[PDB]
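In the block that follows, a single chain appears as structure tokens, in the form deposited in one PDB entry.
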């Protein structure tokens, strides 16, 4: 019964390269709102929540451009926005009503700040901030997302239900940073995420310069297990897989972080173009604001695992316009000290075309789990943490502060 409600050409502002791009968007009755470079010829795959307009607020703005409408959604613990533009105000009204109608159709179905000690600002965003905190009672480390309540819910009662549910709805996968607490103030919504104390993966990789293929296989296997979970259970694309979002716990297992917030990019002055963060890890289809899916995360896996085994980023250049081209056009090269199994995996994961990318098919993660690089790996044992970590972080417990002291200056 899944059908198209409305379709046509729109102008979508880039999510990382913030410029207006002509896209053909499809609005469906299941809530999906997806744009393409060209209107597609053709479904069988399960829908992705990244494109859902369910439980979202629509806003009509004349800034930065007239006839602009925005779809703002809270997805898990991050407030995201998709900005669109049409030619006439009448055309905007038709889209907004349609989207709202679909969203309405899907509608039908004590922790306080005093308990935490402020430690350090982790990041700032448009709709809030993320800080490193320590629960006074236990001494545990947490990342607290502090978001503006206005941009999320209009009622305190609905926000309270959101706080209760997010904790219960919390996915229990060993390699994802769990949402531990959720509470609200008078004007702020707070998400308390667990913070690994085993050190950043960029820190560990920087010190030992390069990981062995065995050690990279371990980390890679745990990442695959996590991504498989998000895709098949939560039906969501992570889209943030990079070295900076990987940490180790006290035992040496991978933790994929959820500490990010949506920001306004930094204007460079180079043709006055705004860029959001750094693009070295971005998948080609994402960089071009094209249609994207689960294959994005496998590109991310390729990027991460490339750097672990090679000791450098797959694509790098000081100029962004050149860096874009390397990501979009240049073939990936490998060191001659890299084994054939590793090269096969990396080349497959770093395919330019997501439809041809390893794990890009309908079988998703299973295509990667069956790859010869992960031969011998018992994937049930990976999820159950039966695999012993090749590196044991120098910490006595979960409250050990070594990777929070002047030891990481090295």
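Residue numbers count along the first chain shown, from 1. Think of the rigid core as the biggest set of C-alphas that the two forms share within 1.5 Å after superposition.
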Are coordinates for residue 140 absent in a third or more of the other compared PDB entries? no
Any chance residue 91 is unbuilt in a third or more of the other entries we compared? no
Mind giving me a quick count class for deposited residues absent from the model between residue 42 and residue 43? Options are none, 1 to 3, 4 to 9, 10 or more. 1 to 3
Quick one: classify how much of the deposited chain lacks coordinates between residue 109 and residue 110, choosing none, 1 to 3, 4 to 9, or 10 or more. 10 or more
Using only C-alpha atoms and the B-factors in the entry, which stretch averages higher, 327 to 335 or 295 to 303? 327 to 335
56 to 64 or 350 to 358, whichever carries the higher mean Cα B-factor: 56 to 64
Based on the PDB record, which member of 234, 149, 82, 239 exhibits the highest Cα temperature factor? 149
Per the coordinate record, which of the options 126, 257, 212, 161 holds the highest CA temperature factor? 161
Where the record places residue 38 (Cα B-factor, split into thirds across the chain): highest
C-alpha B factor of residue 175, ranked within the chain: lowest, middle or highest third? lowest
Among all modelled residues of this chain, ranked by Cα B factor, put residue 77 in the bottom, middle or top third, i.e. lowest, middle or highest. lowest
Rank-wise, by C-alpha B-factor, drop residue 277 into the lowest, middle or highest third of its chain. highest
Ranked by Cα temperature factor within the chain, is residue 182 in the lowest third, the middle third or the highest third? middle
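There is another form of the same protein, the form deposited in another entry; it is not shown, and what comes next is about it.
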Considering only 250, 85, 173, 320, which residue exhibits a C-alpha shift of no less than 2 Å between this form and the one not shown, with the rigid core used for superposition? 85
Once the core is superposed between this form and the one not shown, does residue 347 show a C-alpha displacement of at least 2 Å? no
Rigid core superposition, residue 378 Cα moves 2 angstroms or more between this form and the one not shown: no
Taking the rigid core as the reference frame, tell me whether residue 136 has a CA displacement of 2 angstroms or more between this form and the one not shown. yes
Did residue 238 and residue 72 drift closer or farther in the other form, going by a CA distance change of 3 angstroms or more? farther
Closer or farther: C-alpha pair residue 354/residue 28 in the other form, relative to this form, given a change of 3 Å or more: farther
